[PDB]
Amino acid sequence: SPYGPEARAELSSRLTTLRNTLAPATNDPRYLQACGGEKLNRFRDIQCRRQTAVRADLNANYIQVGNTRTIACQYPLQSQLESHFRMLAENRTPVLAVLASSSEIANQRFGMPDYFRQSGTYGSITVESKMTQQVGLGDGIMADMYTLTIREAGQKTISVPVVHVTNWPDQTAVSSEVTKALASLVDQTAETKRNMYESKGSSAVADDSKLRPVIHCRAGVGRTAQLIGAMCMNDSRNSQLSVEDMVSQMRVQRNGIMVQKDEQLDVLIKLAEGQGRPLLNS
């Protein structure tokens, strides 16, 4: 009854209205606009909320869902990589979760540079990739872990842990069990990296805009939103926060497409009901 079809239908009705009203107008004041002709948005219909935008020239947003703070972004375009690495280093990123599959990255029709599995040089930034462990998440889903070392003359060298989910296909929802296992692995990776900074007395530990997990897939609204939703529900400080509020916050802070497919919302609904967490605001 609280997770019955009538309550599910009400939740869908509310989120669809919000999705429809957040669709971007041409030169929409709510959304970050491209500058001097350079391409900003990987997909023209999937834009970057201006108020929460992390950098002028990235499609990337600060996300706060109840108490959980992350960054969600699109897969960076080739032109955006140097700026993308700057954001990663400046945020002292405690984990980068890449949810785009090995098959999508390999398809050169998609323009998805292989920026975390190869070493490379992007303007003044030098990046070293090292492959570390591989972790099965269940149901055949696999995670490859990397460390990206970001170097730049005159800058503090920053190392970033990477969780790469290699085979979660676009436009699908992995299972609730897999989703919980992925969220646990991403949170634990982030906690280990935060503990390191804290053990060195790092002043970045006290800045809320910093030490945020960075999560992207191809567009940054589908597999990304499912993972953020699960990470939110795994934070004990977010007691009583409803699915409606959780998805509404993601949409008003990024775009109206957050939680792209019904199947992805269905996994958030399963995870909520397993917690006795409300679907709707009262």
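For every residue, the number given is its place in the sequence shown, counted from 1.
> Of 28-36 and 47-55, which one has the bigger average CA B-factor?
Replying inline: Between 47-55 and 28-36, it is 28-36.
> Hey, which bit's got the bigger mean C-alpha B factor in the entry, 100-108 or 152-160?
Replying inline: If you average the C-alpha B-factors of 100-108 and of 152-160, the larger mean comes out for 152-160.
>> Among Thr93, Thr179, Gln188, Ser202, where is the Cα B factor highest in this entry?
In response: Top of the list by C-alpha B-factor: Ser202.
>> Looking at the temperature factor on the CA atom of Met258, which third of the chain's modelled residues does it land in?
In response: Its C-alpha B-factor, which the entry lists for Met258, ranks in the lowest third among residues of this chain.
>> Which third, lowest, middle or highest, does the C-alpha temperature factor of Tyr122 belong to within its own chain?
In response: Its C-alpha B-factor belongs to the highest third of this chain's values.
>> Split into thirds by Cα B-factor across the chain's modelled residues, where does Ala143 land: lowest, middle or highest?
In response: Answer is lowest: the recorded C-alpha B-factor places it there.
>> Ranking every modelled residue in this chain by its Cα temperature factor as given in the entry, which third contains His84?
In response: Its C-alpha B-factor belongs to the lowest third of this chain's values.
>> What third of the chain does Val174 rank in for C-alpha temperature factor, lowest, middle or highest?
In response: Ranked within chain, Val174 CA B lands in the middle tercile.
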